[PDB]
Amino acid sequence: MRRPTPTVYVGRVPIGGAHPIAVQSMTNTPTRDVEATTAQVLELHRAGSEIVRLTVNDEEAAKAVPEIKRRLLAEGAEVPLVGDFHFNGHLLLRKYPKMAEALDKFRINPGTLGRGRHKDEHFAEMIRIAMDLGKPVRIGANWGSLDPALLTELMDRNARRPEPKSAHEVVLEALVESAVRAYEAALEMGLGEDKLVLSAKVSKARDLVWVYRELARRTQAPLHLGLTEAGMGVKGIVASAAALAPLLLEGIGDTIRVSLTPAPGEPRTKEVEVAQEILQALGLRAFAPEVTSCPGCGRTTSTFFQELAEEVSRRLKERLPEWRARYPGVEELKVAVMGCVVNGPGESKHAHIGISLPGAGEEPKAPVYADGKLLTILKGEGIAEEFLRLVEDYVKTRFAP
C-alpha cells in the first residue's frame, strides 16, 4: 500500500515510496556551540537518526555549520544535516555560502518568510540557492506559523460557501494550501521533483490525519510526517504514535520525526527510540529484537514473571551491537515471555522463540518453543539463564550468514 513517490536523496539517504521510511530528529544544543552540537549529532545518529536537523537561526549558527560538518566527516560519520531556517534564511544562505554547501538539505517554512510581497522574494532566493547547489528542500508548513494572508483568503472563500465550514476546518485547509502552493511554486521555478519534500504539521492527531491525506492526494512529493508539539512523557509518546499510525498504515509518509519535549535531564535520543518503535510496531521496519509479554494476572506470580521479562529484554539490548555485526536479519527476532498456560504456549509458538512460565495450578516447569514447536522444558533455578542461552543458540542458527 506504500504511496509511490519520486526519490529525494538527503545526502546518501534516499527518501520516497521505493525506500524504507527514514527516521530523523533535531538537535537542541545551540548550533553556535560546535562541540556540543557535533556531539549531539553523533549521539542521535548512533541512536538511529538517519538524518539530523539543526536550527540555523543567526549568523553565529551559520558560521558554525561548516565546522560541525568537517568534524563529522573526520570521524567517517556520513549523517546528513538539514538546516532549519526561519525569518532570515534567505540572508543567511546568501551571506554564508560555505554553510549552504555544508548542509545536505534546507528546510523552508512558508509561514516564516516575511510579510506580504517580501515572502515571494525570500522564497525564490532560497530556492535559487538550493537549485544552484543541487540541494533538496523541505517545504514544511506548521500551524504554529500559518501564513495569515492565506488564512484570510480561505476564510473569505469559506464565508461564500452555501454551508460554511468551521474556523478550525478552514485553518486546516489553509495549512494544506500553504504547503501545496509553495510546492507548485518551487516546481515552476525549476526545482526538480527529486529535490522536494513536504510537511504540514499540526499538534492534534485527528487533524494531522486529515491534513496528510489531503497532502498525499494533492501532491506527488515524498512526505515528512510528524505530530508537532506532541509534548512530554507518556502523553507525547502516545499522541505521536496515535497520530502517525493511521497514516503509515495507509501507506502515507516517507520520513518521520517525533516531536517530544524532553523532561529535564532526559536524553534527546528518546524521540529517536519512539520513532523507531512506531515503525517497528507497524511492521514497516525492523531495528532490534522485540519481546512480546503478557501483562500478567492473578494466574501468575507477578514479580518472578515481571523480572524475567525485564531481564530478557535487558539481555537482548546488551547482545544487539554484536548480533547486528555477526547475524544478518537478527533485527527481526521476536521473543516471547509469558505468564501461564492460557496464552503462553500459543503466543510463544508465534514468536521465533518463547518461554511459557507455570502459572497457578500448573506443574513447576516452563516449556520453551522455537519456530512453532516445543524445543525443551525448563525447571528449577536459573530458568532465566538457561532461556537466554537457548535464545543465543537460536540466533546463531537462524540468523547465520
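Quick note: we count residues from 1 along the sequence shown, nothing fancier. Throughout, rigid core stands for the largest set of C-alpha atoms superposing within 1.5 Å between the two forms.
Which of these two stretches, 233-241 or 298-306, has the larger RMS Cα offset in 7 other deposited structures of this protein when the rigid core is kept aligned? Higher root mean square deviation of C-alphas in 7 other deposited structures of this protein is shown by 298-306.
Tell me which stretch has the larger mean Cα B-factor in this entry, 97-105 or 114-122. If you average the C-alpha B-factors of 97-105 and of 114-122, the larger mean comes out for 114-122.
Quick check: 379-387 versus 17-25, which has the larger average CA B-factor in the record? Comparing 17-25 with 379-387, the higher average CA B-factor belongs to 379-387.
Candidate residues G236, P246, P321, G283, the one whose C-alpha B factor the record puts highest: Out of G236, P246, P321, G283, the record gives the largest C-alpha B-factor to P321.
In terms of CA temperature factor as recorded, identify the highest of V180, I129, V272, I278. That would be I129, according to the entry.
Going by what the PDB entry lists, where does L374 fall on CA B-factor within its chain: lowest, middle or highest third? Its C-alpha B-factor belongs to the middle third of this chain's values.
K204 - which third its CA temperature factor falls in, relative to the rest of the chain: Lowest third.
Please place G83 in the lowest, middle or highest third of its chain by C-alpha B factor as given in the entry. For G83, the deposited C-alpha B-factor lands in the lowest third.
Would you mind checking where the Cα B-factor of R3 ranks among the modelled residues of its chain, as the lowest, middle or highest third? It belongs to the lowest third of the chain when residues are ordered by C-alpha B-factor.
Sort the modelled residues of this chain by their C-alpha B factor and say whether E173 lands in the lowest, middle or highest third. Within its chain, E173 is a middle-third residue by C-alpha B-factor, going by the deposited values.
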